[PDB]
Amino acid sequence: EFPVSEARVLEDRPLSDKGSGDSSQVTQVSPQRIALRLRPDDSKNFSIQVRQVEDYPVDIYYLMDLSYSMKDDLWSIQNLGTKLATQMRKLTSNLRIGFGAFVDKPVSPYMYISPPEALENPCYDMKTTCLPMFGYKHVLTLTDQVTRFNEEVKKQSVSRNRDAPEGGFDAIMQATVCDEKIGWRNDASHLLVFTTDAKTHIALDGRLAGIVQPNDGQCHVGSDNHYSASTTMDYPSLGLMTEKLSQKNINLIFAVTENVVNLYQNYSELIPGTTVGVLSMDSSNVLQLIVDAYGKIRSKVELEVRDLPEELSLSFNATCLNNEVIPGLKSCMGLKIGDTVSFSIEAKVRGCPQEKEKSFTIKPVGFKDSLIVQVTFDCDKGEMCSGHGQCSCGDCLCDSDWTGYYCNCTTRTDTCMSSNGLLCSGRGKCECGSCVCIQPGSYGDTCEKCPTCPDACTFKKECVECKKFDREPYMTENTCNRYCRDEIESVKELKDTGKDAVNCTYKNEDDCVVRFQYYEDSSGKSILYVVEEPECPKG
Amino acid sequence: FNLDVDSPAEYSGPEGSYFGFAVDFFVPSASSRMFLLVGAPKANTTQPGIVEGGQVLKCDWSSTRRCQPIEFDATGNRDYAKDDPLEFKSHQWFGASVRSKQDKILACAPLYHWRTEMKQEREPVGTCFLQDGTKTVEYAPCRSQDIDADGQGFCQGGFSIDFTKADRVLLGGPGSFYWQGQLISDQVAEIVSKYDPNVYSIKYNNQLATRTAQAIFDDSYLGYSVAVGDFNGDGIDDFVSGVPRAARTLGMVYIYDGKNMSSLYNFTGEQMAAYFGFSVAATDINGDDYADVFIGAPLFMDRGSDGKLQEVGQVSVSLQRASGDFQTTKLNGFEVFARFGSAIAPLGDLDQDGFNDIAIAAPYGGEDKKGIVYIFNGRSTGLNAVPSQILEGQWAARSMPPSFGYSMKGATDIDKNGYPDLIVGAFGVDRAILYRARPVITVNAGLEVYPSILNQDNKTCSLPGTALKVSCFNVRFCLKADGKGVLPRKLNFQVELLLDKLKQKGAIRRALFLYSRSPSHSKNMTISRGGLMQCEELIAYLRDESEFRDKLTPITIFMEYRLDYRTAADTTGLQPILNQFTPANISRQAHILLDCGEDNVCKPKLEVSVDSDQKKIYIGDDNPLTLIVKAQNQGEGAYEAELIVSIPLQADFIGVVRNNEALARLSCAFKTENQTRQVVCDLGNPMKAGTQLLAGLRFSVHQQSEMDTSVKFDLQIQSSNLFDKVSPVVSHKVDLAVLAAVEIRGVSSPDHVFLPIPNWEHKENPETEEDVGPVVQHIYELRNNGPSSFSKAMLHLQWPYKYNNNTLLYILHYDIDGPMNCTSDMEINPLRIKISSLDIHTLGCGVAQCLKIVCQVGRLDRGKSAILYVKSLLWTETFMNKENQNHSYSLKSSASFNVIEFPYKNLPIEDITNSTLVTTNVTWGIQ
Ligand SMILES: *[C@@H]1O[C@H](CO)[C@@H](O[C@@H]2O[C@H](CO)[C@@H](O)[C@H](O)[C@H]2NC(C)=O)[C@H](O)[C@H]1NC(C)=O
Ligand SMILES: *[C@@H]1O[C@H](CO)[C@@H](O[C@@H]2O[C@H](CO)[C@@H](O)[C@H](O)[C@H]2NC(C)=O)[C@H](O)[C@H]1NC(C)=O
Ligand SMILES: *[C@@H]1O[C@H](CO)[C@@H](O[C@@H]2O[C@H](CO)[C@@H](O)[C@H](O)[C@H]2NC(C)=O)[C@H](O)[C@H]1NC(C)=O
Ligand SMILES: *[C@@H]1O[C@H](CO)[C@@H](O[C@@H]2O[C@H](CO)[C@@H](O)[C@H](O)[C@H]2NC(C)=O)[C@H](O)[C@H]1NC(C)=O
Ligand SMILES: *[C@@H]1O[C@H](CO)[C@@H](O[C@H]2O[C@H](CO)[C@@H](O)[C@H](O)[C@H]2NC(C)=O)[C@H](O)[C@H]1NC(C)=O
Ligand SMILES: *[C@@H]1O[C@H](CO)[C@@H](O[C@H]2O[C@H](CO)[C@@H](O)[C@H](O)[C@H]2NC(C)=O)[C@H](O)[C@H]1NC(C)=O
Ligand SMILES: *[C@@H]1O[C@H](CO)[C@@H](O[C@H]2O[C@H](CO)[C@@H](O)[C@H](O)[C@H]2NC(C)=O)[C@H](O)[C@H]1NC(C)=O
Ligand SMILES: *[C@@H]1O[C@H](CO)[C@@H](O)[C@H](O)[C@H]1NC(C)=O
Ligand SMILES: *[C@@H]1O[C@H](CO)[C@@H](O)[C@H](O)[C@H]1NC(C)=O
Ligand SMILES: *[C@@H]1O[C@H](CO)[C@@H](O)[C@H](O)[C@H]1NC(C)=O
Ligand SMILES: *[C@@H]1O[C@H](CO)[C@@H](O)[C@H](O)[C@H]1NC(C)=O
Ligand SMILES: [Mn+2]
Ligand SMILES: [Mn+2]
Ligand SMILES: [Mn+2]
Ligand SMILES: [Mn+2]
Ligand SMILES: [Mn+2]
Ligand SMILES: [Mn+2]
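Residues numbered from 1 in each chain as written, not as in the entry; some residues may be left out. Chains lettered and ligands numbered in written order. Heavy atoms only, no water.

- In its metadata, the entry names X-ray crystallography as the structure determination method and reports 3.3 Å as the resolution.

### Concerning the coordination of the manganese ion (ligand 12)
Residue and element names in this part refer to chain A.
Then step 1. At 1.9 to 2.5 Å from the manganese ion (ligand 12) lie its protein donor atoms, namely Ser69 (O) and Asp73 (OD).
Then step 2. Since its relative accessible area comes to 44%, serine 69 is described here as partly exposed.
Then step 3. Relative accessible area serves as the criterion here: at 2%, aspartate 73 is assigned to the buried category. (Donors = N, O, S within 2.8 Å, 3.2 Å for Na, K, Ca; no water. Buried < 20%, exposed > 50% of the residue type's maximum accessible area, 1.4 Å probe, protein only.)

### A few points about the environment of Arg438(B)
All names here are of chain B.
Then step 1. For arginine 438, the position within the fold is in the loop between β36 (431-436) and β37 (440-441).
Then step 2. Separated by 20 residues in sequence, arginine 438 and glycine 418 place their C-alpha atoms 8.6 Å apart.
Then step 3. Discounting residues that sit within four places of it in the chain, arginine 438 has contacts with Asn2, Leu3, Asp4, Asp6, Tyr419, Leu574, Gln575, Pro576 and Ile577.
Then step 4. Of the polar contacts made by the side chain of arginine 438, one reaches the backbone oxygen of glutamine 575; its length is 2.9 Å.
Then step 5. A polar atom in the side chain of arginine 438 sits 3.0 Å from the backbone oxygen of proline 576. (Helix = DSSP H or I, 4+ residues; strand = E, 2+ residues; numbered from the N terminus. Contact = heavy atoms within 4.5 Å. Polar contact = N/O pair within 3.5 Å; in protein donor to acceptor, adjacent residues only side chain to side chain.)

### Digging into the interface of chain B and chain A
Then step 1. Chain B puts 72 residues into the contact, and the matching count from chain A is 65 residues.
Then step 2. The contact between chain B and chain A buries some 5300 Å² in all, and 60% of this surface belongs to carbon and sulfur atoms.
Then step 3. Per-residue buried area on chain B facing chain A is highest for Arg658(B), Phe754(B) and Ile926(B); these three make up 11% of the total on that side.
Then step 4. At the boundary of chain B with chain A, the tally comes to two salt bridges.
Then step 5. Here chain B and chain A share 11 residue pairs in polar contact between them.
Then step 6. Counting only elements with at least two residues in the side of chain B that touches chain A, the list comes to α2 (246-249), β25 (301-303), β26 (309-311), β58 (742-748), β59 (777-784) and β65 (864-871) of chain B.
Then step 7. Counting residues per element, the side of chain B that touches chain A draws most heavily on β58(B), at four residues.
Then step 8. Partitioning the side of chain B that touches chain A into residue classes produces 36 nonpolar, 15 polar and 21 charged. (Buried area = accessible area lost by both parts, 1.4 Å probe. Salt bridge = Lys/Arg side-chain N within 4 Å of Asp/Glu carboxyl O. Nonpolar A, V, L, I, M, F, W, Y, C, P; charged D, E, K, R; others polar.)

### Remarks on the environment of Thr878(B)
All names here are of chain B.
Then step 1. Within the secondary structure, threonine 878 sits in the loop between β65 and β66 (888-901).
Then step 2. Along the chain, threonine 878 and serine 888 lie 10 residues apart, while their C-alpha atoms are 9.0 Å from each other.
Then step 3. In this structure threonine 878 touches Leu755, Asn886, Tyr889 and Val922, once residues within four positions along its chain are discounted.
Then step 4. A polar side-chain atom of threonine 878 sits 3.1 Å from the main-chain carbonyl oxygen of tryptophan 875.

### Side note on the site of ligand 3
Then step 1. In the neighbourhood of ligand 3, the contacting residues comprise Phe558(B), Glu560(B) and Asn585(B).
Then step 2. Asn585(B) is positioned with one of its side-chain polar atoms (N or O) 2.4 Å from an oxygen atom of ligand 3. (Near = heavy atom within 4 Å.)

### A word on the coordination of the manganese ion (ligand 16)
All names here are of chain B.
Then step 1. All of the protein donors around the manganese ion (ligand 16) are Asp415 (OD), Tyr419 (O) and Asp421 (OD); their distances to the metal are 2.4 to 2.8 Å.
Then step 2. The sequence pattern formed by the donor residues of the manganese ion (ligand 16) is D-x3-Y-x1-D.
Then step 3. Residue classification places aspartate 415 among the buried residues on the basis of a relative accessible area of 5%.

### Describing the UniProt feature "disulfide bond" in chain A
All names here are of chain A.
Then step 1. UniProt pairs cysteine 398 with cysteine 407 in a disulfide, and the structure agrees, placing their sulfur atoms 2.0 Å apart, under the 2.5 Å limit.
Then step 2. When its relative accessible area of 14% is taken as the criterion, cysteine 398 is described as buried.
Then step 3. A residue is classified by how much of its surface remains accessible, and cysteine 407, at 3% relative accessible area, is buried.
Then step 4. With sulfur atoms 2.0 Å apart, the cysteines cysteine 450 and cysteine 453 match their UniProt disulfide annotation in this structure.
Then step 5. Under the relative-accessibility criterion, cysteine 453 is labelled buried at 10%. (Disulfide = S-S within 2.5 Å. UniProt positions renumbered as here; feature names shortened; annotations may be inferred.)

### A closer look at the pattern of salt bridges
Then step 1. According to the stated counting rule, one finds 54 salt bridges over all chains in the structure shown.
Then step 2. A salt bridge links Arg471(A) to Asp510(A); the nearest nitrogen and oxygen atoms lie 2.8 Å apart. Separated by 39 residues along the polypeptide, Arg471(A) in the loop between α9 (461-467) and β26 (487-489) and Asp510(A) in the loop between β27 (502-508) and β28 (512-518) bring together distant segments of the chain.
Then step 3. Two residues, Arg431(B) and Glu10(B), come together in a salt bridge whose shortest N-O distance is 3.0 Å. With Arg431(B) in strand β36 and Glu10(B) in strand β1 (residues 9-12), the pair connects residues that are 421 residues apart, well separated along the chain.
Then step 4. Using a relative accessible area of 24% as the deciding quantity, one classes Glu10(B) as partly exposed.

### Quick word on the state of the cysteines
Then step 1. A full pass over the atoms with the stated rule returns 25 disulfides over all chains.
Then step 2. Between the sulfur atoms of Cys463(A) and its disulfide partner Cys484(A) the distance amounts to 2.0 Å. Residue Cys463(A) is located in helix α9, and its partner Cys484(A) is located in the loop between α9 and β26; the two are separated by 21 residues in the primary sequence. Per residue, the accessibility class of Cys463(A) equals that of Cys484(A), and both read buried.
Then step 3. Residue pairing for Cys822(B): its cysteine sulfur links by disulfide to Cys855(B), the two sulfurs lying 2.0 Å apart. When the S-S torsion is 105 degrees, as for the bridge of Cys822(B) with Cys855(B), the disulfide is right-handed. No difference in accessibility class separates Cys822(B) from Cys855(B), as the two residues are buried.

### Quick look at the side chain of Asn249(A)
Residue and element names in this part refer to chain A.
Then step 1. Inspection of the secondary structure assignment puts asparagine 249 in the loop between α5 (238-247) and β10 (252-257).
Then step 2. The class of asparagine 249 is buried, set by a relative accessible area of 9%.
Then step 3. A distance of 3.2 Å separates a polar side-chain atom of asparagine 249 from the backbone oxygen of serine 246.
Then step 4. Among the polar contacts made by the side chain of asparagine 249, one reaches the side chain of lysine 363 at a distance of 3.2 Å.
Then step 5. Apart from residues no more than four positions distant in its own chain, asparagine 249 is found in contact with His190, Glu304, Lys363, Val365, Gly366, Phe367 and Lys368.

### Comments concerning the domain arrangement of chain B
By a widely used convention, the size of an interface equals the accessible area lost when the partners come together.
Then step 1. In terms of domains, chain B is made up of domain 1 (1-438), domain 2 (439-599), domain 3 (600-739) and domain 4 (740-927).
Then step 2. With centres defined by C-alpha atoms, the gap from domain 1 of chain B to domain 3 of chain B works out at 56 Å. (Domains from an automatic or database assignment.)

### Side note on the UniProt feature "binding site: Mg(2+)" in chain A
Residue and element names in this part refer to chain A.
Then step 1. UniProt records the feature "binding site: Mg(2+)" for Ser67, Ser69 and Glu166 in the present numbering. Across 100 residues in sequence, these annotated residues keep their C-alpha atoms within 11.9 Å of one another, forming a single compact spot.
Then step 2. In this fold, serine 69 is placed in the loop between β6 (58-65) and α1 (82-88).
Then step 3. Relative to the helices and strands, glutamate 166 is located in the loop between α2 (148-155) and α3 (169-177).

### Details of a nonpolar patch on the surface
Then step 1. Together, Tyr405(A), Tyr406(A) and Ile654(B) make up a nonpolar patch on the protein surface, roughly 300 Å² of accessible area in all.
Then step 2. As for its position among the elements, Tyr405(A) is in the loop between β22 (402-403) and β23 (409-410). (Patch = residues over 30% accessible without salt bridge, like charges linked within 9 Å, V, L, I, M, F, W, Y side chains within 5 Å. Areas by Shrake-Rupley, 256 points an atom, 1.4 Å probe, with all protein chains shown as cover.)

Below you can see the structure in the form of structure tokens.
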């Protein structure tokens, strides 16, 4: 023999809900480093633990649309920052704040061309003078004084552009790839608040303006804090934005106005980890929006893999709620800050290649902390073995991200993702990148559809009968929280008026008639107003 | 599939002139020779005070590689007043767009600014320049009296241009109106015979143009790209333009009438911000004379193996049906970040086989983003989705990416030879390259050995040295080749023969040639004609019995062959290439006589057989089918034995059968060579006598709907012996069957309504639902999950309308989803009730008097359902809370169905029927 090892080399342990970390270098992912040694076609099971460390130093940057329309949004925001701190203080012992604004490429088509030279300075059409175009300017890096934010945001004046869509994508980029200037710090939760009230220019739009050099993804601001290639370089692509976002562990939040919300929402669906929020007309709302998205960012542990030799493949099994396990998955959602989750990873090479360090990564998205895996290999007519479709030879051994005898099966769960996120709507299981419904009379690509399924009044009861009654199941499986979330409230005497929700009624264990209601508006609300004072038998 | 990459034509331009940003071919009618047209959008000029007005250069193919500009215009900026210019030519990107015909060449400046004559402005309206030898006229369809952004002030017309065969220009101005865009077709000569140097407007008579659309369509970019072809009916070229920002950054491609300018067709993108429309191109890629649409969205993010989104690009290939519909497929890029449908450039017919080609481009591919170009060939079926060749840039970045393939052009046969050509343009290095298509030869080889069945004890020839007679056998090998182009006369070849190929490095070479005792003989013949197959011959002997042991491992003779240079055309030896799908190897088999007792002939007795196991397959899903064959030899030797299973259009061979200790693992392989699909299996070369085999061939039958009732297979073994070579063709059919698991689920919205009834007033006559009661809602769903689909069925719902003259669950109305029409025997909602405006237990039918809804269904496929949504109203007289047991009632509702008909009549279809119920219990709760 010549066994395959998996030796943990560095075992820093989770810092149990301690975010300030007194020179304890704060850990968030337990097994910091391991070193397996595989042999021909052999595998090795291991695992990784990662927790949403309480009191994690936040970082918040304010990218805002400085188009003439966001003039009133500069009023009820000059006071902000100071107003933000009292909210984020309840969430962090340390918090950095920042600002920076965009408009559009200061060139011909977008910018006010050059009719009277009396325009290179303002917006002479009304009589009021504003500012010339600028594209992207960095004012006030990331600092402590939540007052300094107020000092700069007072000094900020709006501008004016010709074109409908702004060029804020250039900003989202510079404000991600320019670490030192902005002041993004290592062990700290990152947040990029992108506020806008109008459309945007995508990549290739710059051909008109005469720009054929594509975005490089590098930092281009100078000592003057203005994006230099704004005029020499075309807009960044959804892919390259998406690339540099994950590498710098930034979280893109889209604080956008109603008219353009559905838009930045599908733009959100192509840049996973993007959070969209309905900004207000006078943008006063920007806070109970920010301090919200934070909750969303810290309620999921997605596992990303940087590098990795093509020769070997990983298999994941995520266990999150009360050690019940979820096979084939490297992501857990519905989490509360402080909790810890474990994934049991596996690895196997299809016939060992040639020696080299070959060290890759496995880490949660947005987290600085990662598990470094150094892999080494202990090595030193036709062929009916087929059936084709990824199937190799000797006797048939599928590739990475493929399974099954013939090799039809997949490892992908994205084809089983749903509207809400839960795999196969919660009514079924993903089988070879394709749901197979545990049919309560349901069907659909992800089992979304179920006409003959019981009304919500029945699904939600499960919640109220616990989150307010300490009984029933959920109490029994300890899942009446992460599973049955929402937000309950003991509505005073009678219930709500807004007829945009269902009113439910039911008899509980104690022979009393409980009365509730399932609402859902604003930003995906979901209150369950419970009429306190159940009708019970008198005596 | 092949064009020269050894020696292509390299062309250059000034550093930063963007030379090679717009490429085209120049074929004058007035000359025997042809040229290159390369745009230099950023090149400086000798026009007074004009910085980078850009230009266009006519390059020489006459192996001089010298390109001197083309005098379109050399004047500076025209005036409107004293020190008040009328237009501004500097940085106009003239050359950014270039097209031509015969002597006629159109070149535009989409960054041409024009100060309107009303106010002091600098609007990028853009102009073109149509030259024709001496006569040069400015063409600016967008320089009208109607100005500013709201009009055509920012039109930048000339962004994309193109001619129709009837000599008419199509133009694209993206910024017209509110950046929605615009198309403008004007016939030349109307452009030529209308130019007046004293008017900056000029109305053209038969001009065609798209109009201002609603505000919602703003910023779509129509005119970003343009291609032209005949789609609508017959006649001329119709207009095709890519609107990369249409929809919600989704993209859209518009097709317009070549004369009305009315919208014919439309195409929409699947993933937004992918720039679906950056490039368009129409070509008949499958010789049925129908322009096919190709569309590029270079920023499309496909799902990579691991499931992650990756920007790699995609090309939408819409094939045009005869009905005007499309059979649109898809084609993704290969590397990430290298753009792909960035430039689709249809070539003529590179290989020249009666099918057009096309070259898609990834400008930023290869190593160090030097970009590559992929050439995809056509076929009767559509486009062969697999690259037939890849052209790689060879230039390093100067200050930005070389951008090789950003702009390419190929379709004209610039050189002598009978095949097209291609021009590619790397402007990040300022270059254009000529890839000359090379001659394609199709060759036919032949190999046949005289005595086929070698006899050891045969006395025929004599060894070279010793005159000892030895067992002879001759071997000849014909070779015929002829190509379609400029190449013939000397197709010389290097042939290589091989005796006993099956014999590895072990060295038991059972056979050798004559005069040169060795199994390897070398030769080099020649030919040229398409039917003059020159044939060479040889003599080979066999070693004596006392030199080797064989056991009959056929002496296979092998044949190889190849081309040579100095068969090419003068102008830089343009070497040809053998057809892509033609093997250079041909090999036959010999067989030492053994066991073929006395007649010397090995005449066998072959027989197949299949047990008919599992007599049925259903219509709808994939039916797994295994065949148990019993092939055997009851005669003598069976040289090169093989099973021949014939299969239909929906059979599809899986594999043999290993998962069985009783079955054999034959060397079976799938094949279609002719208008026939079939499985073959080695039954052992010399399938010895009495040799019995019994294996399993599994398939997976797809349905094909009605299409008769059974499916035949045709079994038979066939060999190489001159006598009794085949077995009786045994045919085997399995019967189709009908299966359709249909079911009926039902449910109640408020399944439980508590009677203490919060807030309710007994009205004299109800007018609203609130005056009546709660909304109890029943829902029944008829669903077919079975394999086979049905064509019609019946649905019957019974409603608990009332009990003893007194109502309970007054239906307001009902809704249907799917294939079904209904009818209630009683009028639903008699009391005209509207929306808001501001015994002991069980009930239902049988006890209460029904109101029935009968519904006619028809058309539920393998995974389709029909739903009936009944919307009631608990009529609150379920009260009577005074005397007895008004305490609890259960309102029962029950629907049933009967599948009466199916699409197959051939198969024995039986009726499917079942029922279900739905309760709404109204109890007293508190009491
Ligand atoms: C064309 O000539 C101009 C000037 O001779 C070159 O650039 C201009 O002049 C200097 C030279 O770099 C620059 O500092 C200016 O900014 C340029 N003017 C403008 C309006 O941009 C230019 O490089 C030459 N172009 C080519 C392709 O040779
Ligand atoms: C293709 O898309 C265009 C634009 O979406 C459609 O044209 C619109 O048609 C409506 C119909 O009344 C007009 O009111 C609009 O003015 C049109 N807008 C534009 C920009 O043309 C068109 O109908 C679609 N499909 C086809 C076949 O034409
Ligand atoms: C002669 O033998 C075959 C040609 O039939 C060549 O070997 C491979 O044959 C398969 C046939 O399925 C082709 O798909 C491969 O492309 C061939 N391999 C290569 C490297 O070309 C073999 O190369 C031929 N040898 C000569 C000298 O012509
Ligand atoms: C309505 O009540 C009926 C009975 O009154 C329920 O149907 C069955 O009732 C009997 C009575 O004891 C039970 O034994 C059965 O188990 C019940 N069947 C089922 C499937 O539970 C009926 O379920 C009730 N329906 C609603 C919507 O509340
Ligand atoms: C690839 O996966 C399929 C998916 O099941 C497997 O084949 C099945 O096909 C039918 C469903 O499509 C089942 O009803 C059959 O039981 C099963 N058929 C076979 C031959 O296994 C199988 O693993 C692969 N399919 C093929 C044709 O190889
Ligand atoms: C249950 O349905 C709606 C809740 O969506 C309640 O209707 C509300 O709105 C009506 C019109 O504005 C008001 O007239 C109702 O008073 C108001 N509901 C309340 C509790 O104030 C409806 O009333 C609810 N049912 C009951 C019995 O209250
Ligand atoms: C109606 O429903 C299915 C057929 O699609 C069958 O259901 C019966 O079989 C099972 C009994 O253990 C369960 O599925 C059902 O509870 C049961 N229903 C009844 C009424 O017995 C049933 O065979 C079908 N009925 C007919 C006539 O085909
Ligand atoms: C975003 O989402 C909608 C559905 O909400 C979908 O039609 C499309 O992807 C986008 N719609 C709009 C209006 O942007
Ligand atoms: C995933 O499935 C379970 C989860 O622990 C376990 O078998 C293992 O970790 C993974 N599968 C395999 C085959 O190892
Ligand atoms: C062109 O004429 C009108 C639109 O201008 C339309 O009715 C007709 O169908 C179009 N096509 C033809 C062939 O006339
Ligand atoms: C002698 O040589 C062969 C041996 O292969 C023998 O079968 C036959 O009788 C003779 N040859 C011919 C051509 O008849
Ligand atoms: Mn505003
Ligand atoms: Mn036509
Ligand atoms: Mn066609
Ligand atoms: Mn072809
Ligand atoms: Mn040629
Ligand atoms: Mn015989």
